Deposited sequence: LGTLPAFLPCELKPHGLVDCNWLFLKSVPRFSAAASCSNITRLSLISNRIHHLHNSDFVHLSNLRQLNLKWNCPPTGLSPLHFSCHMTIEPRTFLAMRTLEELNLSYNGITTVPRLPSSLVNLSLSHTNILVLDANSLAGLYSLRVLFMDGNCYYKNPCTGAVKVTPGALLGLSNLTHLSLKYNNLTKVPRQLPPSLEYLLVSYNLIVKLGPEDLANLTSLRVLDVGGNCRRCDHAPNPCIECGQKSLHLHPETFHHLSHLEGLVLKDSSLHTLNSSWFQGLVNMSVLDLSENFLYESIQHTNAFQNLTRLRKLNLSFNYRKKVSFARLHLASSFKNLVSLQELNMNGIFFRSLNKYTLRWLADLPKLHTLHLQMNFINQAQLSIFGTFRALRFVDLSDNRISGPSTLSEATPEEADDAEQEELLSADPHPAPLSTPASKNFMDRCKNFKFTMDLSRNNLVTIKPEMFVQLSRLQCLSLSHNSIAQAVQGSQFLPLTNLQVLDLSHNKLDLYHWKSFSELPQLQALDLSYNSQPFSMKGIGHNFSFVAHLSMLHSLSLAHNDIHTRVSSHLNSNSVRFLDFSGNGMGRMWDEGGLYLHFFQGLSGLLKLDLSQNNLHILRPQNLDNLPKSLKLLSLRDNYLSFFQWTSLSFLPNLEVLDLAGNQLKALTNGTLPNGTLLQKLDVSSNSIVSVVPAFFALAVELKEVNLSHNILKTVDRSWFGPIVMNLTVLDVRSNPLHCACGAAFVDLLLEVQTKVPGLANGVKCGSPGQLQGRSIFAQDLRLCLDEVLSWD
């Protein structure tokens, strides 16, 4: 019965998870029959500061071992405690087929001895400051070596990490090397020619030429960015570059015939020399972000031959203290025929018209365009209508205000054509701002300042639009023709348009909902809807209504005025009534919800009583969420006979008891969440036979009484596969010595 790898948790393919258990030593698993099947062990963020020769002898088949964060270096310790990890010399040699080891975020100053089998090692965020030819001796199979972050502001050293010339040459299967944030002044010498990925960003390598990348002819990805930073844009401490620019020899990259990815971000480059990219037929991903290329991208020839480039990042190439009236991409962009994604965020230019992006408009595969954070105040959005293959254009966080002079957007991820105009300065919508954008399927105007009694004339051209996010505006819902000019509209988010609904004395009107014939998903959430609105919603199409964060409590206190508010939503399948200040809920109010309802959320209300037989008025209910209410027990009835309920969430209540056979008639029941309540026990007699059909039974954060004979232990073991965090997350509230500890910290059957 006992899970067998206590205090850890056994998981799928040979993985034992011991993360976050505050262990001071490698667990012995004494009362397991065999540790021979254990091939992966995770000990993340425990407190193991001392490792011994005998610690892994019983785990001799491990292939994967994670020891991250056991002994954090000073700068990474939340309280800046120094930690020094000791490792006896033969500690890891007992695992003769170990393939992957993570020692990151540990206070070690030298590499311990490791087995020949090792393939992937991380020494990142440690205090190892020298790698010489003895550091990783004999690791002939090593393919991947991370040692990032051993000398920077969060894990400081006085000088720099040193990688001696030829130190890694003996690692002749090494393909991936990462040595970022180490204060290096040069690319280490005589690196293994087998390298395909070299990352040396955020060091102090202010000069590069071909000699620094000698014999590395197998490189596919090279990241040399952040070595001459522009600190005006840094979000973190930033080391001032000694020069105006990274010095890059013209022929630096010419011998890297296989190169596919190059990162030159944050290099303080004021010009592009096309010879950098010459002879790289497979250059696919280029990052030029956070440089000073604002003029260069309007003039350069450097893109002429980049005919296989797929992704290009030009973001935050802004001029200090300036925005530009206009920006015109250079004609050489016309050659980027393979280009799928371009990032032009944060260059800072005030008008967007046909000349800005002219040379992108005929590229046959440009799908994705980022134009955020540019202080754009005039935009001829019509230009996007003749682009060859646009799927997503993001103009969010600009200053567009009109024509030129649970996240709803997840629904749009594989759409034909989505535009994001959120976080702009729109106060009214004029249909002319949409000329030539008839192909749009999805549009966000969220987080604008739209304060308008919409009435059918705002969105005239958008005859293909299926999704519209208008959340976080100040829309006045009043005229019945609102949104009826959108013939294909299926999802409409009107959440966080609360301000008008808070006007005491001015009413509103939802009769428009009845005229939206394709509308399937509607949010009216967080609108402060509480008084002076229409008394009936009506639809034949709406299937999901989010009414979270309103005042239905107050509405259902107004005599019968709002008694049939949801009733005319024929076919409604899901209704969210969370956070509606409900202090009671009458049977008549549930009986007048649509009979089609499969999901009702009452999360985070103030219900301290619930009449369970009233679930018979929701014949089709499969999911009921009553979490965050004030239920004192599960009582005043039982789940009623015939109920189709599949999930009941009654977490985060004040439940102290459950009545006999409470769950027993709910034949379809699969999930029950009882967590964060005040149960002293868990009883088979609450469920009867249906406990064996449950897929999840969550009983964490209950103050379970762990006295010696305790009965619940046998129940939880019988369904152990179905109770999340059983091994160490289900804890006792009493007696005193066991408060806050696992129900398995004592054995409560052996006594």
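Next on the checklist: Ranges lacking C-alpha coordinates, please, mapped onto the deposited sequence and listed in sequence order.
Outcome noted: Gaps in the modelled chain, taken against the deposited sequence, lie at 1-2, 408-439, 786-793.
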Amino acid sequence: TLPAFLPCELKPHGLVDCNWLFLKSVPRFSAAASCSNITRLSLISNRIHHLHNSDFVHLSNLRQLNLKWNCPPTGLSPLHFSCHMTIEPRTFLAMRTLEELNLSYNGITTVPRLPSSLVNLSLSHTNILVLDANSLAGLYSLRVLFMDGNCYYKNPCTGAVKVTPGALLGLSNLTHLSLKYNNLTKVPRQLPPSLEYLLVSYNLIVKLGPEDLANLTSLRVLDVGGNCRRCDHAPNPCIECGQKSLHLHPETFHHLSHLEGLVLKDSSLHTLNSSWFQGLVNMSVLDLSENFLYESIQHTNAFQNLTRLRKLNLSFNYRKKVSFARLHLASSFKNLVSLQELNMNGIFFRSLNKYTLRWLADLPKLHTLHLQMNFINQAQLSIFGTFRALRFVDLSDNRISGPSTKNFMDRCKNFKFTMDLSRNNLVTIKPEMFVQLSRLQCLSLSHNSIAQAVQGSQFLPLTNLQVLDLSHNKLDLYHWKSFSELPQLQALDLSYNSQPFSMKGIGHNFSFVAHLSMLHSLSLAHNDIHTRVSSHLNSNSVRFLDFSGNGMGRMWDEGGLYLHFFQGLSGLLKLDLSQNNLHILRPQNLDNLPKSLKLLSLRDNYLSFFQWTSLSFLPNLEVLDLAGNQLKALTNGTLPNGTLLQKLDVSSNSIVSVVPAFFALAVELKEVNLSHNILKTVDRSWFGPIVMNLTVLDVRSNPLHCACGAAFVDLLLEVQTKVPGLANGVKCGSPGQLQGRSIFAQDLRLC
From here on, numbers count along this sequence of modelled residues.
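Checklist entry - With respect to the recorded C-alpha B factors, which stretch has the higher mean value, 456-464 or 86-94? => result Comparing 456-464 with 86-94, the higher mean C-alpha B-factor belongs to 86-94.
Item to check | Which of 240-248 and 67-75 has higher mean CA B factor, as the PDB entry lists it | outcome: Higher mean C-alpha B-factor in the PDB entry: 240-248.
Checklist entry - Going by the entry, which of 591, 604, 493, 260 has the most elevated CA B factor? => result Of the options given, 591 has the highest CA B-factor in the PDB entry.
Item to check | Of the residues 360, 552, 429, 618, the one carrying the largest Cα B-factor as recorded | outcome: Max CA B-factor in the entry, restricted to 360, 552, 429, 618: 618.
Checklist entry - Would the CA B-factor of residue 253 place it in the lowest, middle or highest third of its chain? => result Middle third - that is where residue 253 ends up once the chain's C-alpha B-factors are sorted.
Next on the checklist: Ranking every modelled residue in this chain by its Cα temperature factor as given in the entry, which third contains residue 341?
Outcome noted: Lowest third, going by the recorded CA B-factors of the chain.
Checklist entry - With respect to C-alpha B-factor, does residue 226 fall in the lowest, middle or highest third of the chain as deposited? => result Answer is lowest: the recorded C-alpha B-factor places it there.
Item to check | residue 119, C-alpha B-factor rank within chain (lowest, middle or highest third) | outcome: It belongs to the middle third of the chain when residues are ordered by C-alpha B-factor.
Checklist entry - Mind checking which third residue 557 falls in for C-alpha B-factor across the chain? => result Ranked within chain, residue 557 CA B lands in the highest tercile.
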